[PDB]
Asks: 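This is the structure I have questions about; it appears just below.
Start at 1 and go down the list; that is how both ligands and their atoms are numbered. Lettering of chains follows the sequences in order, A, B, ..., and the numbering in each one begins at 1.
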2 protein chains.
Amino acid sequence: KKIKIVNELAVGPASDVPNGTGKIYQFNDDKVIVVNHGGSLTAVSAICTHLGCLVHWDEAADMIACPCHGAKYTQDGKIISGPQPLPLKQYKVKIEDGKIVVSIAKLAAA
Amino acid sequence: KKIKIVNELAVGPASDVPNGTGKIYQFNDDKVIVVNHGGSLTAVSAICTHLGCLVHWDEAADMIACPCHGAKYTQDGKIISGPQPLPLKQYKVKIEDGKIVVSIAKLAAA
Ligand code: FES
Ligand code: FES
């Protein structure tokens with residue numbers, strides 16, 4: 001009673017993103033930042049929804065920071081502060097065979 | 001004894017790029033990073049020559065850094081280290097009427 005289409009990609013070894021760090025990967029047309037912090041491995045779009053620069057993980061401040069107009073986001077992409085209109089799109093992410101597997105789903109009813 | 005074609009664009013107010021900072025601008029088909037550091041206002045292509053992520057200025061480290069795979073460049077776009085094949089193409093930049101004017105030339109001899 002629902003159709004959904006999932007894109008799925010093993011982007012790199014789990015050892016790429018050890019604790020306290022974040023790394024940017026290509027996901028087809030988007031760029032995703034995968035973050036490993038506080039026991040939690042998350043994945044969100046790395047492109048600011050304001051005007052489209054790349055973000056990075058700031059471990060000391062426990063935040064994602066955008067270098068262009070000062071946007072600050074949570075590890076999960078939620079808005080902390082800045083001019084950005086939207087949160088960064090949330091991905092799913094898992095470790096499989098020692099690999100970081102990122103995925104996103106788009107739904108549709110039958 | 002030389003003819004050249006110059007693209008020129010007043011990209012924003014000079015107040016946009018104070019000392020110790022760098023800013024990204026659309027320059028027709030390229031994107032340029034203008035950096036103000038050490039009394040020197042420079043402008044180079046913002047597109048990393050490895051795989052094309054947008055770069056940013058790192059004032060603390062005195063370098064242009066690409067967030068994807070670690071490319072480092074000097075303020076003038078020269079390669080410091082990383083997987084990139086090429087330096088960032090250099091633009092010329094000056095202040096007029098409190099505005100940042102970026103320009104680049106393509107040659108023709110006669
Ligand atoms: S493009 Fe990220 S703050 Fe504007
Ligand atoms: S895109 Fe800059 S290091 Fe690869």
Asks: Between B/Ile3 and B/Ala110, what is the shortest heavy-atom contact and its length?
Replies: CD1-CB, 3.4 Å
Asks: Of all the non-hydrogen atoms in the protein, which one sits nearest to atom 1 (S) of ligand 2, and at what distance?
Replies: B/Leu51 N, 3.4 Å
Asks: For A/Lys92, look at atom NZ and say whether over 12 heavy atoms of other residues, nucleotides or ligands are found less than 6.0 Å away.
Replies: no
Asks: How about A/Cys48: does one of its N, O or S atoms come closer than 2.8 Å to atom 4 (Fe) of ligand 1?
Replies: no
Asks: What are the atoms of ligand 2, with element, lying closer than 4.0 Å to any heavy atom of B/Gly70?
Replies: 3 (S)
Asks: Closest approach of B/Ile80 and B/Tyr73, non-hydrogen atoms and distance?
Replies: CD1-C, 3.4 Å
Asks: Is atom CG of B/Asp97 surrounded by more than 12 heavy atoms (other residues, nucleotides or ligands) closer than 6.0 Å?
Replies: no
Asks: Considering the heavy atoms of A/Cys53, write down every atom of ligand 1 situated less than 4.0 Å from one of them.
Replies: 1 (S)
Asks: Which atoms of ligand 1 sit under 4.0 Å from any heavy atom of A/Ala71?
Replies: 3 (S)
Asks: At atom 4 (Fe) of ligand 1, what angle lies between atom ND1 of A/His50 and atom ND1 of A/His69, rounded to 10 degrees?
Replies: 90°
Asks: Any idea which atoms of ligand 1 are less than 4.0 Å away from a heavy-atom of A/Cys66?
Replies: 2 (Fe), 3 (S)
Asks: Could you tell me how the ring of A/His56 sits relative to the ring of B/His56: parallel (under 30°), tilted (30 to 60°) or perpendicular (over 60°)?
Replies: parallel
Asks: Considering only heavy atoms of A/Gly52, which atoms of ligand 1 have at least one such atom less than 4.0 Å away?
Replies: 1 (S)
Asks: Do B/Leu54 and A/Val55 sit in the same hydrophobic cluster, where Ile, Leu, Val, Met, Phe, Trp and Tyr count as joined when their side-chain heavy atoms come under 4.5 Å apart?
Replies: no
